[PDB]
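Two forms, one chain: they're shown below as structure tokens, one block per form, named structure 1 and structure 2.
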Structure 1
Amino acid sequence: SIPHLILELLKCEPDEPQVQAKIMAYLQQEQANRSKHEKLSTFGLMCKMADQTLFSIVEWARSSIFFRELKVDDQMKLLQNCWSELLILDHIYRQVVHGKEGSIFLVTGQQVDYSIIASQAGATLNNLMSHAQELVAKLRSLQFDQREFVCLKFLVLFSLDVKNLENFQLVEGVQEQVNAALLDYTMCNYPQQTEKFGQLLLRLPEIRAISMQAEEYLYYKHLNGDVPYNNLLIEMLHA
């Protein structure tokens, strides 16, 4: 029993295999480009993955119901507010749906041992990765599903905390409606877990916090000369 609204949300979803392929191809064709002099690091590679995932998120957003009806200035304010949250949310959902504990399912579509990434990384990034891991675990135990995921994505995108929106009413309207649809979906589909609606919404502040930490850390990395040229990621980071 899936509300109508949620069906409209699911129709907006990307083709995940094609996205994975596109990014993967971009990264190969990048070594081709790069001279046999210039080398690249695990951190650097992950920055490129984030950058390419951002292109895909913007594409998803621009074609999505409701978001299409906004003026581009409003679209920009919404995306500038939530880009890092959408990256994190997308990551988390992949871990739950196509991943397993002890492994990271990357956006290029392969799994790598968590250990093998974490070992490359210093303590600040490890700390962030751990918190993300706990979110994944929490949401795994909740039996987080695709219908829930799409609702949370719209709730993140159509944020109420964004000031200076022209059409703030449409944005409020979307929040309320997705909220109501999520409430329906959980009571209809998970009737013995009346806590499920609440447990889902309370992940959103945690996602917001991890995302703000990620950005602060990445800006440090950028100012340190550690982020390879990455137009969209850094343009978003400068927002």
Structure 2
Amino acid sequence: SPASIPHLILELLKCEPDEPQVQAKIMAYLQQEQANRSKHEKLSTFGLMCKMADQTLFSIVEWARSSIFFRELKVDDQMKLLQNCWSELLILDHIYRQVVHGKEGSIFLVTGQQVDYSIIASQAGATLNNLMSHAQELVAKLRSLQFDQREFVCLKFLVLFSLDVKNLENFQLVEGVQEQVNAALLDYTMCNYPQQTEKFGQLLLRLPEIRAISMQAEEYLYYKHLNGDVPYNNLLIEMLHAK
């Protein structure tokens, strides 16, 4: 942590989840699910990766519900904000994980497991390959910018407290959060990365790329689901079909 972090960002950071704990819990659920299945009821790699993404989304919702500002909204408003941004938060989570824990050529998973990009290149279809090609480049850009945890938590709030959401009772609090977080991120980047005179603007430019990736991920999930490749009802699927 740098010597200089804005008070608002300090408060956002307090709300962060305990990474080592999230990783363990997820790795356990996953194992038990695959055990005690006959040959023709055993889960595919896709089914396991789906349950993994589902449990990560549970963790994201658990983060949001106890978070500063978000916790001040009524449940109905909370539902609307999360339905608007769920896939973007999953994508942002994945991308930041690659920046912190990942290395060139390999994808680091929430369980601490890893798979090489080259495996996907060979084996996967066109939708997942395009998806992964764009995510890999976004990670590469963020590594170049020296994207850090302070900036990461600011982006999470900017994605969550979106101005594009209609029918909120307390739309005012949402505007307030967006204004305050934008201002703190700009102060933070100018202070701590002064050689990068454009870092704030460059970080904001990544948000439309995050949105584009999460939409193609939704499309990918949708087709897999309607092909029968999704094991049971889960939060992922609920969010996919909502609104």
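C-alpha atoms forming the largest set that superposes within 1.5 Å between two forms make up the rigid core. Please note that residue numbering is based on structure 1, beginning with 1 at the start of its sequence. Residues that one form lacks are left out of the comparison.
Visitor: Fix the rigid core, compare C-alpha positions between structure 1 and structure 2, and report which of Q143, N164, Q169, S119 shifts by 2 Å or more.
Guide: After core superposition, the single residue displaced by 2 Å or more is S119.
Visitor: Superposing on the rigid core, is the Cα displacement of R68 between structure 1 and structure 2 2 Å or more?
Guide: Shift of 2 Å or more: no.
Visitor: Determine, after fitting the two forms on their core, whether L202 shows a C-alpha shift of 2 Å or more between structure 1 and structure 2.
Guide: No, shifts by less than 2 Å.
Visitor: Core-aligned, is the CA shift for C188 between structure 1 and structure 2 2 angstroms or more?
Guide: Result for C188: no, shift under 2 Å.
Visitor: Check the Cα of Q29 between structure 1 and structure 2 on a core superposition and give its shift in Å.
Guide: Comparing between structure 1 and structure 2 after core fitting, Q29 shifts 1.9 Å at its C-alpha.
Visitor: Keeping the rigid core fixed, work out how far the Cα of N230 travels between structure 1 and structure 2, to one decimal in Å.
Guide: Its C-alpha position differs by 3.9 Å.
Visitor: Fitting the two forms on their rigid core, what distance in Å separates the Cα positions of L10 between structure 1 and structure 2?
Guide: With the rigid core fitted, the alpha carbon of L10 is displaced 0.5 Å between structure 1 and structure 2.
Visitor: Report the moving segments between structure 1 and structure 2: consecutive residues, 3 or more per run, each with a CA shift of 2 Å or more after superposition on the core, given in sequence order.
Guide: These are the shifted runs between structure 1 and structure 2: 31-37, 110-112, 114-120.
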